[PDB]
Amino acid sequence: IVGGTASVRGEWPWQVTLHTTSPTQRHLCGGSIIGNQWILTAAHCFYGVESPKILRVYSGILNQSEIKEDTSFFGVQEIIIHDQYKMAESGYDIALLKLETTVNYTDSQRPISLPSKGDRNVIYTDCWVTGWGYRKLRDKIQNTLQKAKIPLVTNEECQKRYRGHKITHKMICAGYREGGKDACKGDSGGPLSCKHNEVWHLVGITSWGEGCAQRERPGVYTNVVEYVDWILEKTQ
């Protein structure tokens, strides 16, 4: 996250850190808890991943340095990538992880609701992007989970900033005209969470953009509400 600030324990309890364990253990992507055995994340995170065997999902983490050799994690039973996925910029950047066991909910780990059925006309004015990703180009994964508040932009305006890409209604964009705050590499797969009537909803999945926090280059997110039928079918 560029231009963000440190989160605190329990602030974003649906946020997980997905690690790969080969050839080294590192944070690969973010994700969101949406059910007791289900993480919603981005398909592009799994580039070059040979099988779910090398993945670990850690929940209830604030600092990456908290993760030691005895820290509990969930194994991944299955990775479900959208069948239309090709590359992040072309859409369908969505995947589910089915965990090997259930998540017990606590103040540090709980699910986030999807955008509600019937809420098409809701205008989201309080959206936040969170993650352990880069804070600038050529950075490293950050220790403390970062947060930044970002305004949504219209798909019409987003298309004007990305004339070389097809910005579809299965995507949503968020950014400032002068940049400064944005998601970046390593934040991918995590949530764009918006609070409405004091309830947080998972509105976007961090997906792609041109650089990070550049002027007039908003971040592009998978528009979760357009995938509710797909999510419900895979998790039912």
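Throughout, we count residues from 1 along the sequence that is shown.
For the stretches 59-67 and 35-43, which has the higher mean C-alpha B-factor as given in the deposited record? The stretch with the larger average C-alpha B-factor is 59-67.
Quick check: 173-181 versus 194-202, which has the larger average CA B-factor in the record? Between 173-181 and 194-202, it is 173-181 that shows the higher mean C-alpha B-factor.
Per the PDB entry, which option out of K149, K98, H165, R161 has the greatest Cα B factor? Answer for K149, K98, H165, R161: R161, with the highest C-alpha B-factor.
Select one of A88, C127, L145, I80: the residue whose C-alpha shows the highest B-factor in the crystal structure entry. By C-alpha B-factor in the record, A88 ranks first.
State the tercile, meaning the lowest, middle or highest third, of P111 with respect to the CA B-factors recorded for its chain. Middle third - that is where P111 ends up once the chain's C-alpha B-factors are sorted.
Would the CA B-factor of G211 place it in the lowest, middle or highest third of its chain? It belongs to the highest third of the chain when residues are ordered by C-alpha B-factor.
B-factor third for the C-alpha atom of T21 within its chain: For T21, whose C-alpha B-factor we compare with every modelled residue in the chain, the answer is the highest third.
State the tercile, meaning the lowest, middle or highest third, of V103 with respect to the CA B-factors recorded for its chain. As the PDB entry reports it, the C-alpha B-factor of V103 lands in the middle third of its chain.
Within this chain's modelled residues, let me know which third the CA B factor of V76 belongs to: lowest, middle or highest. Middle third, going by the recorded CA B-factors of the chain.
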